[PDB]
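[1] kindly return the folded structure for what I paste below:
(2 chains, ligands or ions: 11)
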Amino acid sequence: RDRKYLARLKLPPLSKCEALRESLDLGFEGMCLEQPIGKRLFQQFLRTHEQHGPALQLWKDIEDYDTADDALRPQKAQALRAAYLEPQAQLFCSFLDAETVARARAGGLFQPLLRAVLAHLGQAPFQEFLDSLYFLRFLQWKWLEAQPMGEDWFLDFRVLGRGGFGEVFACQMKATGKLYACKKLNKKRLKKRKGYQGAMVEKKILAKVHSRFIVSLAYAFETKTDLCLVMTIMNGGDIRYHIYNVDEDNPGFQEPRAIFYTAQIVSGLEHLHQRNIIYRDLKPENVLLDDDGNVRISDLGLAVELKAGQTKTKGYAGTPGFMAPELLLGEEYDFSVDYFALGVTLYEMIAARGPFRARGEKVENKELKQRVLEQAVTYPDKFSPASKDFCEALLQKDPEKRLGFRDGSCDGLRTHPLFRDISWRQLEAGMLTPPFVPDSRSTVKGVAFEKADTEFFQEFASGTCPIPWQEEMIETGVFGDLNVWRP
Amino acid sequence: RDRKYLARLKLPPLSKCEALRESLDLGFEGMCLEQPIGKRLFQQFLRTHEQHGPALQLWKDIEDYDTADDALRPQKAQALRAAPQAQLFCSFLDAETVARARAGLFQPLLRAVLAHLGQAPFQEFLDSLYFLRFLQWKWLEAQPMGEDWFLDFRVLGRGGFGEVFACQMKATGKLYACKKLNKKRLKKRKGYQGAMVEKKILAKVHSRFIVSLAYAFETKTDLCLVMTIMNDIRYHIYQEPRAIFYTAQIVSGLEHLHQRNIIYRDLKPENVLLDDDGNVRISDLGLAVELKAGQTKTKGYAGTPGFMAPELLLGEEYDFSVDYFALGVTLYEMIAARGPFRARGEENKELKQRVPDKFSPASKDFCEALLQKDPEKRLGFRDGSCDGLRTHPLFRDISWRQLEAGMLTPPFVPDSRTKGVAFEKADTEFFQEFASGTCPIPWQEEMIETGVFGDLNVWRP
Ligand SMILES: Nc1ncnc2c1ncn2[C@@H]1O[C@H](COP(=O)(O)OP(=O)(O)O)[C@@H](O)[C@H]1O
Ligand SMILES: Nc1ncnc2c1ncn2[C@@H]1O[C@H](COP(=O)(O)OP(=O)(O)O)[C@@H](O)[C@H]1O
Ligand SMILES: [Br-]
Ligand SMILES: [Br-]
Ligand SMILES: [Br-]
Ligand SMILES: [Br-]
Ligand SMILES: [Br-]
Ligand SMILES: [Mg+2]
Ligand SMILES: [Mg+2]
Ligand SMILES: [Mg+2]
Ligand SMILES: [Mg+2]
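    Numbers count the residues shown, from 1 in each chain, chains lettered A, B, ... in the order given. Ligands and ions are numbered 1, 2, ... in the order given. Sharing the structure here:
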């Protein structure tokens, strides 16, 4: 917490909030439920006013119930049925409508109630909250957020890795002291290699999606030399390395780890596939690992957001030996190309070598294509009968008979027997402990800048992003330090 | 704290404060310095912002210094002088005034601390959540709190037009005196002009030696006044340090009245009440008179027999000097258990003509000063103060500073185990203009006192 940069984070007077009150889109779903500080302040309100008292505590205890470890769950539910649902009880929710109330005296979830309760809280109490000091403080924070936080605010302190157009650094947000990854894209070297359309898609995606299994874009700015991206740091390296450079002699992961890492990659893929995006570049080496032992997918630079009401899209692009046959041919394909790759990853994780390819036989794109479009998958004796069946499903060629995304979900994939020792609820939660925690050991000249480029660079350098900023603020405990009334 | 009436005390939404923002007069001197919750919220702001950090603590430690017991005082001052290039050094202080502190009273430093705080930091504060909360409170205050909110629980005494009750503010549970004036019995006895002057005065002045008007409303039968309860010097007669102490307060109360151009006119033991702590406050202002804007002296015959000064008894241009004369009669009657001019158990024209070894040489000389006839050679109010009275030798074992404060031990704590009338618009119109309602400062006190301000001024439990 560097004193000078920390002292910059200071709430503004109320007159500097006019503009936001209008300019801000924020209504309920976004403000009080989606945004960390908004949820915080909205609940601080609900807390301090007695009428909402029960609705808040019912709202909280449902959340706690959903992230409750299996062996507690049914106990907590009993206690919750008592505190908030029992007729003529102390914190009895009266606003709940008979039908919905008596429904929650049956069950293995409390999902109607969260809808029923937030439907309420968003209606009137939200309006009471809008006409309150808390709301005004909420703006105060939305302002502080909107202030400029560029390359000044980030101390680059280590090299996490080399990328295409520049080094990915590890860095600390000078003010709050939170460690981020800083992916730096050289301005000239982008232009020269005609990579705008990529670099941008990545910025647009990472900042658009928020999920624990994708890297999260926190900040995005330019320098006079590079376009930087600040994103959830991933010290743990990447799945490729952690096959071939952990126990070099005894290669690859054991089945529970391979499954667990797939589990997250699947959940991350789903999130992308629910928002009509094709990852297109799935492979171990772009599936990063955090300090805690969990994974997140990365390098969206060759992703593609399918268009508003678009079933499938064309385009040739990807990694050799990970590209699905229907793509390799060059036809109308959809999400099913990613799941194909997923299987190659789950194969290579366990086997320490690609499915179709041997180790040390690097070859032609037309040769490997034939090896994809026409070859049967051989599975060694390291596999279990569950894993073999899973991979086969993902590694088929025909996308109308390949396991993947169906009817808004992957639940058809999740039921597959391979996922026995898995609590999907907790996986999406964060509770589930990972099995393995890590511990690891100029240019040419020609392209000068024009007006037409810089307008992109600024449209790239969006700035600080709402939710991940608000997290950092609460995370680092600067929100506490600042959201104070009577010391 | 009656749950139903306590639950009425609830801060309003910010939309119900627009009106007050304009309708309220409140600027700095009044808001942040004079009003309890305003002072509170203004300080909470100063506290939560780092830049003002020192100025708030200097501002607090000066206050604490002024109310500091003699034997600590100079120690605290040294510590305060400590707290150039220092940790919480006030930089905004101007070199000249900065020196003063060393070259010794920190009265003019406070006057330059507040000069600052009221300038810019106040403007920062007006553009803050704390100011908005301040209005929230000013609104709750302005809501109607009539005869509903007061449980009458005992009779403190009988008055002219009705019984003075002891009562509790149902919501916060604070004990008040409830002086009830019967509407018909006022009118019939032509007492409006009086009853009103009293309401106007008690609510106008705020001092620890005068009763304080908290609320004032009407019922369908009476005009009520809620005021600082006082569970009287007359009864408590029928020693010199006590007589002096009681006078000391009565003088300080009289000064406050005399600095605001008012003559009490009805000074006598029996209307100088005593609180549970053992301190006194003057009372029954009904025959007072606020001298007019740029008015030296006023006429009028009114007062209590054997307490009225000669220059008044004649009927001439008189001023505050009539009160001080009475003061002396009170100090005489206190020590002697009998009036000065009059014996025990013995006409207005006779007493007018008329207008021991228990005394000390200091008391005798004080009384004689107050009990002289000629008001141009009588001890009293001079050039904006009574300091000429305060220096008189009778006030030896007296720390005036602490007397005004509240610190000084009272030399005696009491015992805690002791038809034919019709109304018109012209009347009702008065009764409403009498029934003003709840009063800013004393209300805001009650709220902090009873700790409902804490319970309500909450942010994150
Ligand atoms: N958020 C991150 N945390 C830790 N390391 C990262 C992060 N992002 C990238 N890296 C490292 O830097 C390398 C290059 O990043 P990448 O985005 O894959 O470059 P490119 O977009 O040119 O493919 C990766 O192989 C990885 O090891
Ligand atoms: N605040 C109080 N607390 C307790 N008793 C009081 C209080 N105020 C007045 N009393 C008692 O009630 C009596 C009537 O009030 P007072 O002002 O004397 O009536 P009037 O206005 O007719 O002179 C007083 O003499 C005193 O004994
Ligand atoms: Br509020
Ligand atoms: Br580190
Ligand atoms: Br392969
Ligand atoms: Br504020
Ligand atoms: Br607080
Ligand atoms: Mg890469
Ligand atoms: Mg890339
Ligand atoms: Mg009386
Ligand atoms: Mg009277």
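[2] got the contact list for the residue most central in space within chain A?
    Central residue of chain A (CA atoms, centre = their mean): residue A:211, 2.4 Å from the mean position. Shown in contact with residue A:211 (CB atoms under 8 Å, 6 or more residues apart in numbering or on different chains): A:267, A:268, A:271. (Each C-beta comes from the backbone N, C-alpha and C, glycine too.)
[3] next: residue A:365.
    residue A:320.
[4] circling back: the residue nearest to the centre of chain A: what secondary structure?
    coil (DSSP: H, G, I helix; E, B strand; the rest coil).
[5] where along the stretch 351-487 of chain A do the helices fall?
    Remark: helices assigned in the stretch 351-487 of chain A by DSSP state H, counting those that start in this stretch are A:365-373, A:385-394, A:411-414, A:424-429, A:451-460, A:466-475, A:478-482.
[6] return the most buried member of these.
    Comparing these by mean neighbour count (mean count of other CB atoms under 10 Å in any protein chain shown), helix A:466-475 comes out on top with a mean of 20.
[7] before we move on, the earlier item: quick one: which of the helices of the stretch 351-487 of chain A is nearest residue A:222?
    helix A:451-460 (5.3 Å; CB to CB).
[8] contacts for the closest one?
    So helix A:451-460 is contacted by A:187, A:191, A:196, A:199, A:200, A:203, A:220, A:222, A:227 (CB under 8 Å, 6+ apart).
[9] from memory the second one sits against residue A:448, does it?
    No. Under the criterion of CB atoms under 8 Å, residue A:191 is not in contact with residue A:448, lying 9.4 Å apart.
[10] who has more neighbours, the two?
    residue A:191 (19 against 8; other CB atoms under 10 Å in any protein chain shown).
[11] on that earlier part again, quick check: the residue nearest to the centre of chain A vs residue A:275, distance?
    Distance of residue A:211 to residue A:275, computed by CB to CB, to the nearest Å: 10 Å.
[12] which one (most neighbours) among the contacts of helix A:451-460?
    residue A:227 (24 neighbours).
[13] domain assignment for chain A?
    A:1-146+A:440-487, A:147-237, A:238-439 (curated CATH domains).
[14] distance between the ends of the second one?
    Domain A:147-237 stretches 33 Å from its first residue to its last (CA to CA, to the nearest Å).
[15] any part of that domain near ligand 1?
    Yes. Shown here: domain A:147-237 in contact with ligand 1 (CB under 6 Å from any ligand atom) through A:160, A:161, A:163, A:164, A:168, A:181, A:183, A:215, A:231, A:233, A:234.
[16] just the buried ones from these, in ChimeraX syntax?
    Restricted to buried positions by 16 or more other CB atoms under 10 Å in any protein chain shown, the ChimeraX selection for these reads:
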select /A:160,168,181,183,215,231,233,234
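[17] re the thing from before, of the helices of the stretch 351-487 of chain A, which approaches residue A:358 most closely?
    helix A:365-373 (10.4 Å).
[18] quick one: the strands in chain A?
    Using DSSP state E, the strands of chain A run over residues A:154-162, A:167-173, A:179-186, A:217-222, A:226-232, A:277-278, A:287-289, A:295-297, A:304-305.
[19] show me what the third one is in contact with.
    Think strand A:179-186. A:154, A:156, A:160, A:163-173, A:195, A:199, A:215, A:218-219, A:223, A:225-234, A:443.
[20] pull the CA atoms of it into PDB?
    Extracted in PDB, the C-alpha atoms of strand A:179-186 (Å, rounded to 0.1, in the frame of the first residue of the first chain):
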ATOM      1  CA  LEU A 179      -0.900  -8.500  -7.700                       C
ATOM      2  CA  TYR A 180      -2.000  -8.600 -11.300                       C
ATOM      3  CA  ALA A 181      -0.700 -10.000 -14.600                       C
ATOM      4  CA  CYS A 182       0.200  -7.200 -17.100                       C
ATOM      5  CA  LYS A 183       0.100  -8.400 -20.700                       C
ATOM      6  CA  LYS A 184       1.900  -5.700 -22.800                       C
ATOM      7  CA  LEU A 185       1.300  -5.500 -26.500                       C
ATOM      8  CA  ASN A 186       3.800  -3.400 -28.400                       C
END
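[21] which of the contacts of helix A:451-460 sit farthest apart?
    Longest span within those, CB to CB: A:191 and A:220, 17.9 Å.
[22] got the contact list for residue A:375?
    residue A:356.
[23] and it, how close does it get to residue A:284?
    Counting by CB to CB, the gap from residue A:375 to residue A:284 is 20 Å.
[24] start and end of stretch A:271-284, how far apart?
    Stretch A:271-284 end-to-end distance (CA to CA) = 18 Å.
[25] I should have written stretch A:66-76 there, sorry.
    10 Å.
[26] residues contacting that stretch, please?
    Counting by CB under 8 Å, 6+ apart, A:61, A:64, A:65, A:108, A:110, A:423, A:425, A:426, A:429, A:430, A:431 sit against stretch A:66-76.
[27] residue in the stretch 351-487 of chain A nearest to ligand 11?
    Ligand 11 sits closest to residue A:486 of the stretch 351-487 of chain A, with a gap of 43.0 Å, by CB to the ion.
[28] quick check: the closest residue to that residue other than its chain neighbours vs ligand 9, distance?
    Computed as CB to CB, 6 or more residues apart in numbering or on different chains, the closest residue to residue A:486 that is not its neighbour in sequence is residue B:44, at 5.5 Å. Distance from residue B:44 to ligand 9, counting by CB to the ion, to the nearest Å: 52 Å.
[29] hey, what's residue A:172 bridged with?
    residue A:155, residue A:179 (DSSP bridges).
[30] residues contacting the residue in the stretch 301-450 of chain A that chain B sits nearest to?
    Residue of the stretch 301-450 of chain A nearest chain B, by CB to the nearest CB: residue A:430 (25.3 Å). Contact analysis of residue A:430 by CB under 8 Å, 6+ apart lists A:67, A:212, A:294.
[31] quick one on the thing from earlier: to ligand 3, which of the helices of the stretch 351-487 of chain A lies closest?
    helix A:478-482 (18.1 Å).
[32] pull the residues that contact that closest one.
    A:6, A:9-11, A:37, A:40, A:141, A:175-176, A:470, A:472-474.
[33] what's the answer for stretch A:24-42, then?
    By CB under 8 Å, 6+ apart, stretch A:24-42 touches A:118, A:121-122, A:126, A:129, A:134-135, A:137-139, A:141-142, A:466-467, A:470-471, A:473-474, A:479, A:483.
[34] redo that, cut-off 6 Å
    A:122, A:126, A:129, A:134, A:137, A:138, A:141, A:470, A:471, A:474 (CB atoms under 6 Å, 6 or more residues apart in numbering or on different chains).
[35] contacting ligand 2 as well, which ones from the contacts of helix A:478-482?
    Answer for those near ligand 2: none qualify (CB under 6 Å from any ligand atom).
[36] can you tell me which of those is nearest ligand 5?
    residue A:472 (40.1 Å).
[37] hmm, the closest one is touching residue A:178, no?
    Yes. Counting by CB atoms under 6 Å, residue A:472 does reach residue A:178; the two are 5.1 Å apart.
[38] helices of the stretch 1-150 of chain A, start to end?
    A:3-6, A:18-23, A:28, A:36-48, A:53-66, A:73-80, A:98-103, A:111-121, A:124-130, A:133-146.
[39] chain center to the helix or strand following the second one, what's the gap?
    Later in the chain than helix A:18-23, the nearest helix or strand by DSSP states H and E is helix A:28. Relative to its parent chain, helix A:28 has a centroid offset of 22 Å by CA atoms, centre = their mean, to the nearest Å.
[40] what about the closest residue to ligand 6 within chain A, how many residues nearby?
    Nearest residue of chain A to ligand 6: residue A:11, at 5.9 Å (CB to the ion). Using other CB under 10 Å, residue A:11 has 20 other residues around it.
[41] nearest to ligand 7: which residue in the stretch 151-300 of chain A?
    For the stretch 151-300 of chain A, CB to the ion, closest residue to ligand 7: residue A:176, 21.7 Å.
[42] typo on my end, it should be chain A
    For chain A, CB to the ion, closest residue to ligand 7: residue A:485, 4.0 Å.
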